Structures are given as C-alpha cells and as structure tokens.
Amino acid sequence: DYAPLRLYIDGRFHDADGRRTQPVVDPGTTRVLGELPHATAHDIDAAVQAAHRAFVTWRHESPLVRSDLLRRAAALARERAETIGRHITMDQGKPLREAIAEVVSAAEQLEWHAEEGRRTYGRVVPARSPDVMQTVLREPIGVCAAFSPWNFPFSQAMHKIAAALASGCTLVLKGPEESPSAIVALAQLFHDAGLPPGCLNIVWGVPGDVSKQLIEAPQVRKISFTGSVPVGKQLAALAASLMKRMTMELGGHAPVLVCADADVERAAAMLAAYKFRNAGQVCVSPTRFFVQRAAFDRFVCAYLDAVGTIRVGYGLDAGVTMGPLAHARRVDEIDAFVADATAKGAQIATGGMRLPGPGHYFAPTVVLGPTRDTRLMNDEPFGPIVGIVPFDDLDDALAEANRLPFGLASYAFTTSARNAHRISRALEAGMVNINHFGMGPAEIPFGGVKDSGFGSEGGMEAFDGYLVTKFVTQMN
C-alpha cells in the first residue's frame, strides 16, 4: 500500500543493494512504511557530474521543447494525484484531500514555469552610437543543488525542480528523508515524461552531510534551500564562503490584523479553516492575531465555533479534516508553547493537549491574551496553535507585527481603503493578504524578507536566482 523508495541518478533508479537505509514511519500509526536508501558519497558525486553533463545540452534545448516536456510531467502528476497524495498522507500525515490539492497546486506551478521559460527576456538598451548594439541577456547559471522539507513534500520540491529545469539549469535535489514518497514520484513522472538523464537527480542521506557535499561540489553553482532559519543561516554562510548563489524560503511568524471595521465573523471563520490546514505546519500559517478591542470577543467566539467543527483523525479516513503532527518532537514542542503561555498568564480557550492513541495527534489550540514575552509571540510554532490578543491603536499593532525578525506572510481584515493602504505599506513582510488568502496562484511571487529568506518562487521572479545577467556590447 506504500510505494518503493529509490534514488534517481543519471536517468536510473537505484535501490538499497549495497546502501544504508533509514526507516520511514507513518505519523498516524507510528508503524514502518518502508526503508529509504541513502546515497553514498560516490552516488552524490555521480549525480553532480551527471547534472553537469546534462546541463551542457539542456541549456540549449528549445524553450518550447522544454515546455512541452514539463507540461507532460504536470499532466502525469494530475493523472497520478490520488496515488501520490495517498502516499503523502501516509508518510507525512495530512488529510488525503489536502495531499491531492498539493499535487494539483504543484502541477499548476510546473505548468506556469513551463510558460515562463519561454519568456526569459533580454533587453536591448539604446546605444550612444549607431554602430553599437547593446543587449542584456539572461542565461542559466549551471548545476543547482536544492533541499526541500516535509510539510509540503511534493510541492516544495516541485518549486526547486520547476525553477531549475525551466530556466535551463539542471538539479540535484535532496528532499525530506522523513516524507520521501512524494520525491520518488516526482522522479518517476519526470522520468516517464522523457526528461533527459542527469537533468533531475534525487539523493538522500544524513542531511548535514548531503548538503555539505553538494554545496562544496565545484560544479554546483547555485543553492536553493527551504527549511528552518538556523539551518538556512548555516548553509547560506557556507554557500557564500564559496561565492555560490543562493535563494532561501525560511520560517515565518505571520501576524493577523483584524480591524474593528472588518467583517469580523467572516474573518474568524476563514482564518480558523485556513490555520489548521496541514495542522498549522505551514510557513505562512497565521499565528499572531491582533484584533481591535471592540471586535475581540466577537472574533474569539466566532473563531472557537469554527475551530469546533474540525475533525482530527487518520488522514485516509472519511471526514477527517486535520491529521497528526509530523513527528513526536512536534508534540513536545507545542506542549512547551502551551506551558510557557499559561505560566505567563495566557488562557487556553480550546485544545492545548495531545490527543489519545498511537500517533502524534494534538488538539487544535487557541491561546487568548498571550504576552509579548511568551514563546508563542516570538518563536515560530509551526503547529496547530494561535495567539489572539486585543489592540487599541493600529500603529501599535503594526509595530508589534514588525517586531520579530520574521517576515514571510502577513494578513489583515478591514473594509477601509485607508486601513488597507496603511497596513499593506507598513507591514515588513514578503506577502500581505487582505480579506482573503491569496498566496496560492503560481503567477504571483512567493518569498520573504529579513530572517524569512531571499528570492522568490513562482511568478515572473521565479527564475531570478537561476539566471545570470550577461551584458554584450558590440561595435560594427
């Protein structure tokens, strides 16, 4: 009921024979699903060399031929969404419907990059002399190394693959060892779409060892990392020390500003359903809720009522809308957030404890009035917990929204043009969502500021980290 786990190097799958493996466990049952083969150091060298060899011709392939191939892969992902999503549910925990939506979203991302790869436009700059021609070209940088995490194992990786391939680069990818089936399926569908050997390689191992070896590989010219801020800082320093380009999607700590003039009940119902998708294990998860005092009670009552409709359970079961957390350590982490909040006077309005059974189930948790020195209001919980505090002055709430070094997503609800304008300009965040959640579209750029990373994924900006600028000036 769970697919075989493989490596994929230079157009060929590889199994465990002669390799170390690591068990893969279902977070909803704690049972072993399969064993994941680790790349050797030689495997990783072979993958870099194959990616370098593939890049020599792939960079020159027609952008339409490359588009055709990427679209064929996206079509296969859509055909296989139920099977791929089911394995994601098994090795990551999220409800099946969420896993399938992730596959579809990843297919749209891949298709957008196919379209955008035809549009890596250069610029002609009017010259000071009529015998001179000035062009600014954009060209693929070369072999890329990417590392992607477990919270959206299929779509996070698709970002790395879609951006590298559609820009004309090639890629060695180390996806999440703990939720690996999504990555194997990506290799499978790119293989089935006819992607030339070496263009896409997937490897596994001890993450620090794999990432160190990939970053120090001389043929690797650009790194892309999605993960935690402290690991991001370590890999970025190493990459920078070798003058290697990097783009980073790190954690966030999203503030929510609910103005007194908002549709308060509407905001509460939307934010409850959105918060507990993927059990809050979302880089953009709304976490710090600042609700104008006159609306606080109305919002909190509406929020708790909507949270009360959530059904926690095993992700393949009918009607389950929230699964377990990804591992036992996440349960302990939320426990510590809850304990820290209560010690400092906060009220646990609902949830706050683990749920019974084997497997890492935790109740959706709502914390009222957590102070500014609680962990909840400072450290990214990445889990099914929110803090809701009143505010009086909008500028004070904005200053609090900007106090943390995080700056990924942010949210606001208001009917006022002036409020919307002031909030959106004053927020220090890569993304500002007003009255809805609009970060899904592949055609918009997704990225952060401050500790939340560098660069963007999706949109027109998608290839910026993958292309070099070349100024060519010619006198005739």
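Numbering starts at 1 and runs along the sequence shown.
Of the two stretches examined, 166 to 174 and 343 to 351, the record assigns the greater average C-alpha temperature factor to 343 to 351. Note on 236 to 244 vs 74 to 82: mean CA B-factor is higher in 236 to 244. Ranking 392, 91, 192, 116 by the C-alpha B-factor listed in the PDB entry places 392 at the top. Of the candidates 408, 48, 434, 426, the deposited coordinates give 48 the top C-alpha B factor. Sort the modelled residues of the chain by CA B factor and residue 251 lands in the highest third. The deposited CA B-factor of residue 287 belongs to the highest third of values across its chain. Among the modelled residues of its chain, residue 370 has a C-alpha B-factor that falls in the middle third, as given in the PDB entry. Annotation for residue 430: CA B-factor lies in the highest third of the chain's modelled residues. Compared with the other modelled residues of the chain, the Cα B-factor recorded for residue 9 ranks in the middle third.
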